[PDB]
Structures are given as C-alpha cells and as structure tokens.
C-alpha cells in the first residue's frame, strides 16, 4: 500500500493508479514570469468559523484536522470558483530537509512546508465523496511555510502530536482559528489539477497563495516524529510526505495580480 518510502513512494504510484500519468496532475512548478494575469478572476472571500474544527488524526500520511461540514458555517468563495465551497479538512506536507519540503515550487524555490486547505462544491454536489469525482468538485488553498520565527498559530497543532503518534490515532481538536493562520495578502495563482495523494483524482481547482507564513525549524521537526505505521507494527517515521512536480501538459496557470 502507498506511501513515501522507497518501494511505495511517488515514483511507483503510476504502477498502481492509472491517473498518476494523466494530463491534469499536481503539484507543478510555478514560473512567475510565465503566468497570465486574468482580470476575470475575482478576489478570494473566506469565512472560517473557529467552531468548525473538531478532530485531529494521524492518517499515516500527514495529520488531518477534520471540520464539521454539515452546513455552510465555513466556506471559500470567489477567486476562480463558481459558487460556494465548504471547508472539509486541513493537512501539511514537508520534506526531510527544511529547504525542500513544499509540493508547489515557485521559480525553483521549494519552501519548508505547504499547508493544504481542502473544500468541496456543496452548491453542485451532495457530499465530499461525490464532489471528489467531478472536475469542478474540489478547491484546495495552498499556503507555503518558510523557516523563521515560531508561529504561535501552529502551537495548538504541535501540542497534539504526541497523542496521535501512531497511524489511526485521533484526538479532540476544537476552537481552531484557521483564519488567523493565513497570510495577510490573499493574492494567488490558480490552475486545474489533482489530489496530490492517491487516488490522484483530477477534481481540484488549485489556489496557491503567493505570500508564505512562518514556522520554526523546531516546530517543523515535530511533524517528522509522526509514524506512518499503526500501534504494534514496526515503527517507521513520516520524515517526508511531498509529491514531486508533474508536467504542465498545456494547462494555463493564471495570476490574480500583476
């Protein structure tokens, strides 16, 4: 089964998931001088209720903060999107080294980590699972993290990691102010792409914010202490969980700014 280790890692996913070689795969290299400013794009409009977060868990591939998506208390609107997309989950990608941890790469710069905020089109589809199978079903906001001052807005997360060390562990996680984790500028790039983990579905409108947020090296090192293995299996650590960049295949990357 899939992961980021030598025998089950990204380079081997195309052996098992046909879509891994598809024409709309993510993540990509963003070349900032080659991106097209598009005046038809709209500003992002975000409303994230701190009561929406409920549980944090170790999936074996990252931590996952799950939100109550029963109704439209937390939504993303605007940007390239038609209608309202409902907040479902947040997770993080990193590498074994602080200078090569992100999924998207900007003018050759890989950041220390990348946060993904996953949302689904509830205006058109009745659930996350159904939306995940349609070209306009999902929207993922990407936020880069760069090494710097410790981020006090990550402290709630790092405090829980000891209780979710093994794959499948979960703990209560509520009153989380996700809005305060985002950077002050909501300028972004966008393109059509895919999930960056199996099943690699081509259902994602990517919105990658230009402005990175900070994290300390100590904070980021704590994530690598999560395991990719369950209780009572031989332990292996989740030291890296990012997919390499995929061919653009004629897709247009657009910028909200110039």
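Positions refer to the first chain, counted from 1. Rigid core here is just the name for the largest C-alpha set that superposes within 1.5 Å across the two forms.
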Do you reckon 235-243 or 13-21 strays further from the shown form in 8 other deposited structures of this protein, measuring C-alpha RMS after a core fit?
13-21
Going by the entry, of stretches 64-72 and 198-206 the one with greater average Cα B-factor is 64-72
When the C-alpha temperature factors are averaged for each of 185-193 and 226-234, which stretch ends up with the higher value in the entry?
226-234
Out of 88, 156, 77, 116, which shows the largest CA B-factor listed in the entry?
156
Looking only at 163, 122, 96, 102, the Cα with the top B-factor belongs to 163
Consider only the C-alpha atoms of the modelled residues in this chain, order them by B-factor as the entry records it, and name the third containing residue 135: lowest, middle or highest.
highest
Tell me, lowest, middle or highest third: where does the Cα B factor of residue 27 rank within its chain?
lowest
Among modelled residues of the same chain, the CA temperature factor third for residue 58:
lowest
If you rank the chain by CA B-factor, which third does residue 111 end up in: lowest, middle or highest?
middle
Just say lowest, middle or highest third for the CA B-factor of residue 168 relative to the other modelled residues in its chain.
highest
